[PDB]
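Have a look at model-v4.pdb below; it lists PDB, N, CA and C atoms.
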```pdb
ATOM      1  N   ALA E   1     -33.258 -12.646 -72.819
ATOM      2  CA  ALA E   1     -34.026 -12.753 -71.557
ATOM      3  C   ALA E   1     -35.466 -12.280 -71.772
ATOM      4  N   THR E   2     -36.313 -12.560 -70.819
ATOM      5  CA  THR E   2     -37.732 -12.138 -70.953
ATOM      6  C   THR E   2     -38.498 -12.418 -69.665
ATOM      7  N   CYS E   3     -39.395 -11.533 -69.333
ATOM      8  CA  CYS E   3     -40.189 -11.722 -68.094
ATOM      9  C   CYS E   3     -41.328 -12.713 -68.318
ATOM     10  N   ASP E   4     -42.055 -12.994 -67.273
ATOM     11  CA  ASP E   4     -43.182 -13.949 -67.407
ATOM     12  C   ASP E   4     -42.690 -15.306 -67.907
ATOM     13  N   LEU E   5     -41.862 -15.939 -67.117
ATOM     14  CA  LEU E   5     -41.330 -17.268 -67.523
ATOM     15  C   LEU E   5     -41.201 -18.194 -66.317
ATOM     16  N   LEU E   6     -40.538 -17.720 -65.298
ATOM     17  CA  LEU E   6     -40.370 -18.563 -64.082
ATOM     18  C   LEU E   6     -41.715 -18.803 -63.407
ATOM     19  N   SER E   7     -42.530 -17.784 -63.383
ATOM     20  CA  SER E   7     -43.862 -17.930 -62.744
ATOM     21  C   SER E   7     -44.761 -16.749 -63.095
ATOM     22  N   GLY E   8     -45.990 -17.042 -63.421
ATOM     23  CA  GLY E   8     -46.934 -15.947 -63.778
ATOM     24  C   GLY E   8     -47.426 -15.233 -62.520
ATOM     25  N   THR E   9     -47.696 -15.994 -61.494
ATOM     26  CA  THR E   9     -48.178 -15.374 -60.241
ATOM     27  C   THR E   9     -47.082 -14.559 -59.565
ATOM     28  N   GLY E  10     -46.011 -14.322 -60.273
ATOM     29  CA  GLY E  10     -44.904 -13.530 -59.667
ATOM     30  C   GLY E  10     -44.123 -12.768 -60.743
ATOM     31  N   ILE E  11     -44.650 -11.645 -61.153
ATOM     32  CA  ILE E  11     -43.949 -10.851 -62.189
ATOM     33  C   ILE E  11     -42.466 -10.705 -61.847
ATOM     34  N   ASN E  12     -41.635 -10.738 -62.855
ATOM     35  CA  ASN E  12     -40.175 -10.602 -62.603
ATOM     36  C   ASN E  12     -39.728  -9.147 -62.719
ATOM     37  N   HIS E  13     -39.441  -8.540 -61.590
ATOM     38  CA  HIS E  13     -38.992  -7.118 -61.606
ATOM     39  C   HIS E  13     -37.504  -7.011 -61.279
ATOM     40  N   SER E  14     -37.152  -7.404 -60.088
ATOM     41  CA  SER E  14     -35.732  -7.337 -59.679
ATOM     42  C   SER E  14     -34.880  -8.345 -60.451
ATOM     43  N   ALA E  15     -35.410  -9.527 -60.641
ATOM     44  CA  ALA E  15     -34.641 -10.566 -61.386
ATOM     45  C   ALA E  15     -33.944  -9.959 -62.592
ATOM     46  N   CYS E  16     -34.615  -9.053 -63.231
ATOM     47  CA  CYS E  16     -34.012  -8.414 -64.418
ATOM     48  C   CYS E  16     -32.728  -7.691 -64.039
ATOM     49  N   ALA E  17     -32.863  -6.622 -63.301
ATOM     50  CA  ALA E  17     -31.655  -5.858 -62.894
ATOM     51  C   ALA E  17     -30.651  -6.746 -62.162
ATOM     52  N   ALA E  18     -31.099  -7.884 -61.701
ATOM     53  CA  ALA E  18     -30.161  -8.781 -60.984
ATOM     54  C   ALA E  18     -29.240  -9.468 -61.970
ATOM     55  N   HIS E  19     -29.815 -10.250 -62.834
ATOM     56  CA  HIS E  19     -28.978 -10.946 -63.827
ATOM     57  C   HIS E  19     -28.228  -9.919 -64.652
ATOM     58  N   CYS E  20     -28.831  -8.766 -64.800
ATOM     59  CA  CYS E  20     -28.182  -7.684 -65.583
ATOM     60  C   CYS E  20     -26.922  -7.214 -64.870
ATOM     61  N   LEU E  21     -27.088  -6.786 -63.656
ATOM     62  CA  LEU E  21     -25.912  -6.302 -62.901
ATOM     63  C   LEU E  21     -24.777  -7.300 -63.027
ATOM     64  N   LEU E  22     -25.084  -8.529 -62.711
ATOM     65  CA  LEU E  22     -24.053  -9.601 -62.789
ATOM     66  C   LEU E  22     -23.511  -9.755 -64.208
ATOM     67  N   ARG E  23     -24.351  -9.531 -65.177
ATOM     68  CA  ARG E  23     -23.912  -9.654 -66.562
ATOM     69  C   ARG E  23     -22.902  -8.555 -66.854
ATOM     70  N   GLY E  24     -22.871  -7.591 -65.970
ATOM     71  CA  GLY E  24     -21.930  -6.452 -66.139
ATOM     72  C   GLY E  24     -22.700  -5.264 -66.693
ATOM     73  N   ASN E  25     -23.881  -5.069 -66.164
ATOM     74  CA  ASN E  25     -24.725  -3.954 -66.628
ATOM     75  C   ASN E  25     -24.873  -2.880 -65.567
ATOM     76  N   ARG E  26     -25.809  -2.012 -65.811
ATOM     77  CA  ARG E  26     -26.088  -0.918 -64.858
ATOM     78  C   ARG E  26     -27.522  -1.086 -64.379
ATOM     79  N   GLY E  27     -28.244  -1.950 -65.058
ATOM     80  CA  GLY E  27     -29.663  -2.183 -64.654
ATOM     81  C   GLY E  27     -30.486  -2.757 -65.815
ATOM     82  N   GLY E  28     -31.709  -3.107 -65.516
ATOM     83  CA  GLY E  28     -32.604  -3.676 -66.568
ATOM     84  C   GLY E  28     -34.013  -3.873 -65.998
ATOM     85  N   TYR E  29     -34.992  -3.986 -66.860
ATOM     86  CA  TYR E  29     -36.374  -4.176 -66.345
ATOM     87  C   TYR E  29     -37.319  -4.691 -67.428
ATOM     88  N   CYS E  30     -38.459  -5.165 -66.997
ATOM     89  CA  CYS E  30     -39.457  -5.693 -67.959
ATOM     90  C   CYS E  30     -40.156  -4.558 -68.698
ATOM     91  N   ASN E  31     -39.544  -4.093 -69.752
ATOM     92  CA  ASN E  31     -40.162  -2.990 -70.518
ATOM     93  C   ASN E  31     -40.997  -3.520 -71.675
ATOM     94  N   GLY E  32     -41.427  -2.605 -72.501
ATOM     95  CA  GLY E  32     -42.256  -2.968 -73.679
ATOM     96  C   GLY E  32     -43.579  -3.566 -73.221
ATOM     97  N   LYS E  33     -43.487  -4.747 -72.712
ATOM     98  CA  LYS E  33     -44.695  -5.445 -72.227
ATOM     99  C   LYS E  33     -44.304  -6.729 -71.502
ATOM    100  N   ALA E  34     -43.286  -7.366 -72.009
ATOM    101  CA  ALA E  34     -42.819  -8.621 -71.394
ATOM    102  C   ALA E  34     -41.412  -8.954 -71.880
ATOM    103  N   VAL E  35     -40.573  -7.946 -71.913
ATOM    104  CA  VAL E  35     -39.176  -8.152 -72.368
ATOM    105  C   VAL E  35     -38.205  -7.601 -71.334
ATOM    106  N   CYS E  36     -37.338  -8.444 -70.860
ATOM    107  CA  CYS E  36     -36.362  -7.986 -69.847
ATOM    108  C   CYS E  36     -35.162  -7.336 -70.517
ATOM    109  N   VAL E  37     -35.266  -6.063 -70.776
ATOM    110  CA  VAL E  37     -34.131  -5.371 -71.428
ATOM    111  C   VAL E  37     -33.092  -4.967 -70.394
ATOM    112  N   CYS E  38     -31.945  -4.561 -70.867
ATOM    113  CA  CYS E  38     -30.876  -4.150 -69.943
ATOM    114  C   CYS E  38     -30.318  -2.796 -70.335
ATOM    115  N   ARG E  39     -29.369  -2.349 -69.580
ATOM    116  CA  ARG E  39     -28.760  -1.045 -69.875
ATOM    117  C   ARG E  39     -27.511  -0.823 -69.027
ATOM    118  N   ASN E  40     -26.446  -0.448 -69.683
ATOM    119  CA  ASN E  40     -25.188  -0.206 -68.964
ATOM    120  C   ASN E  40     -25.050   1.268 -68.590
TER     121      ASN E  40
END
```
Please re-express this file's structure in structure tokens.
Amino acid sequence: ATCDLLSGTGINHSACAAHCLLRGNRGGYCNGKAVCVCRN
């Protein structure tokens, strides 16, 4: 996964923890600079 893809004028913040939660995670976010990491 990775941020800055669906739209530039709309940074992806929740989308991360969203697909993450459903993936069976505990959360996730655009860290580093433009990488949607996750975490259980």
Check your understanding: Could you pull out all residues of chain E with a DSSP call of strand (DSSP E or B) and give them as a PyMOL selection string?
Key -> chain E and resi 27-31+35-39
Review point. At a cut-off of 6 Å from (-25.8, -2.3, -68.3) in the coordinates of the file, what residues are picked up using all atoms listed in the file, written as a VMD selection string?
Key: chain E and resid 24 to 27 38 to 40
Exercise for review: Could you please determine the separation between atom CA of residue E:21 and atom CA of residue E:3 in Å, to one decimal place?
Suggested key: 16.1 Å
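Separating atom C of residue E:9 from atom N of residue E:23 is a distance of 23.9 Å.
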Point to revise | Explicit residues for the PyMOL selection byres ((chain E and resi 34) around 8) (as number ranges by chain) | key: E: 1-4, 29-33, 35-37
Check your understanding: At what distance in Å, to one decimal, does atom C of residue E:28 lie from atom CA of residue E:8?
Key ->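 Computed distance, atom CA of residue E:8 to atom C of residue E:28, equals 17.8 Å.
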Exercise for review: Please return as a PyMOL selection string: the residues of stretch 2-37 of chain E that backbone DSSP assigns to helix (DSSP H, G or I).
Suggested key: chain E and resi 14-24
Centre and edge lengths of an axis-aligned box around all listed atoms of stretch 16-21 of chain E, with 4 Å added on each side, are to be given in Å to one decimal, as JSON.
```
{"center_x": -29.7, "center_y": -8.4, "center_z": -63.3, "size_x": 17.8, "size_y": 13.1, "size_z": 12.6}
```
Using the partial input, fill out stretch 18-32 of chain E with N, CA, C and O atoms; write the result as an mmCIF file, in the frame of the given file.
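Resulting contents of rebuild-v8.cif:
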```
data_model
loop_
_atom_site.group_PDB
_atom_site.id
_atom_site.type_symbol
_atom_site.label_atom_id
_atom_site.label_comp_id
_atom_site.auth_asym_id
_atom_site.auth_seq_id
_atom_site.Cartn_x
_atom_site.Cartn_y
_atom_site.Cartn_z
ATOM 1 N N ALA E 18 -31.099 -7.884 -61.701
ATOM 2 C CA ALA E 18 -30.161 -8.781 -60.984
ATOM 3 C C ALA E 18 -29.240 -9.468 -61.970
ATOM 4 O O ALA E 18 -28.039 -9.284 -61.934
ATOM 5 N N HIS E 19 -29.815 -10.250 -62.834
ATOM 6 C CA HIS E 19 -28.978 -10.946 -63.827
ATOM 7 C C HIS E 19 -28.228 -9.919 -64.652
ATOM 8 O O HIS E 19 -27.143 -10.176 -65.119
ATOM 9 N N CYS E 20 -28.831 -8.766 -64.800
ATOM 10 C CA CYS E 20 -28.182 -7.684 -65.583
ATOM 11 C C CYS E 20 -26.922 -7.214 -64.870
ATOM 12 O O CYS E 20 -25.827 -7.293 -65.396
ATOM 13 N N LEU E 21 -27.088 -6.786 -63.656
ATOM 14 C CA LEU E 21 -25.912 -6.302 -62.901
ATOM 15 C C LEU E 21 -24.777 -7.300 -63.027
ATOM 16 O O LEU E 21 -23.683 -6.958 -63.439
ATOM 17 N N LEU E 22 -25.084 -8.529 -62.711
ATOM 18 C CA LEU E 22 -24.053 -9.601 -62.789
ATOM 19 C C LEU E 22 -23.511 -9.755 -64.208
ATOM 20 O O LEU E 22 -22.354 -10.072 -64.398
ATOM 21 N N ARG E 23 -24.351 -9.531 -65.177
ATOM 22 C CA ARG E 23 -23.912 -9.654 -66.562
ATOM 23 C C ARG E 23 -22.902 -8.555 -66.854
ATOM 24 O O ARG E 23 -22.193 -8.590 -67.840
ATOM 25 N N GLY E 24 -22.871 -7.591 -65.970
ATOM 26 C CA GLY E 24 -21.930 -6.452 -66.139
ATOM 27 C C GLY E 24 -22.700 -5.264 -66.693
ATOM 28 O O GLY E 24 -22.226 -4.555 -67.560
ATOM 29 N N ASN E 25 -23.881 -5.069 -66.164
ATOM 30 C CA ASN E 25 -24.725 -3.954 -66.628
ATOM 31 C C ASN E 25 -24.873 -2.880 -65.567
ATOM 32 O O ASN E 25 -24.161 -2.860 -64.583
ATOM 33 N N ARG E 26 -25.809 -2.012 -65.811
ATOM 34 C CA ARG E 26 -26.088 -0.918 -64.858
ATOM 35 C C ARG E 26 -27.522 -1.086 -64.379
ATOM 36 O O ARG E 26 -27.950 -0.465 -63.426
ATOM 37 N N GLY E 27 -28.244 -1.950 -65.058
ATOM 38 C CA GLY E 27 -29.663 -2.183 -64.654
ATOM 39 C C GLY E 27 -30.486 -2.757 -65.815
ATOM 40 O O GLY E 27 -30.008 -2.874 -66.924
ATOM 41 N N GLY E 28 -31.709 -3.107 -65.516
ATOM 42 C CA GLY E 28 -32.604 -3.676 -66.568
ATOM 43 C C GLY E 28 -34.013 -3.873 -65.998
ATOM 44 O O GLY E 28 -34.188 -3.920 -64.797
ATOM 45 N N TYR E 29 -34.992 -3.986 -66.860
ATOM 46 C CA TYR E 29 -36.374 -4.176 -66.345
ATOM 47 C C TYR E 29 -37.319 -4.691 -67.428
ATOM 48 O O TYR E 29 -37.011 -4.653 -68.604
ATOM 49 N N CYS E 30 -38.459 -5.165 -66.997
ATOM 50 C CA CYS E 30 -39.457 -5.693 -67.959
ATOM 51 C C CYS E 30 -40.156 -4.558 -68.698
ATOM 52 O O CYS E 30 -41.224 -4.131 -68.310
ATOM 53 N N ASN E 31 -39.544 -4.093 -69.752
ATOM 54 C CA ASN E 31 -40.162 -2.990 -70.518
ATOM 55 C C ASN E 31 -40.997 -3.520 -71.675
ATOM 56 O O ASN E 31 -41.219 -4.709 -71.800
ATOM 57 N N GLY E 32 -41.427 -2.605 -72.501
ATOM 58 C CA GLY E 32 -42.256 -2.968 -73.679
ATOM 59 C C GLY E 32 -43.579 -3.566 -73.221
ATOM 60 O O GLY E 32 -44.625 -2.959 -73.338
#
```
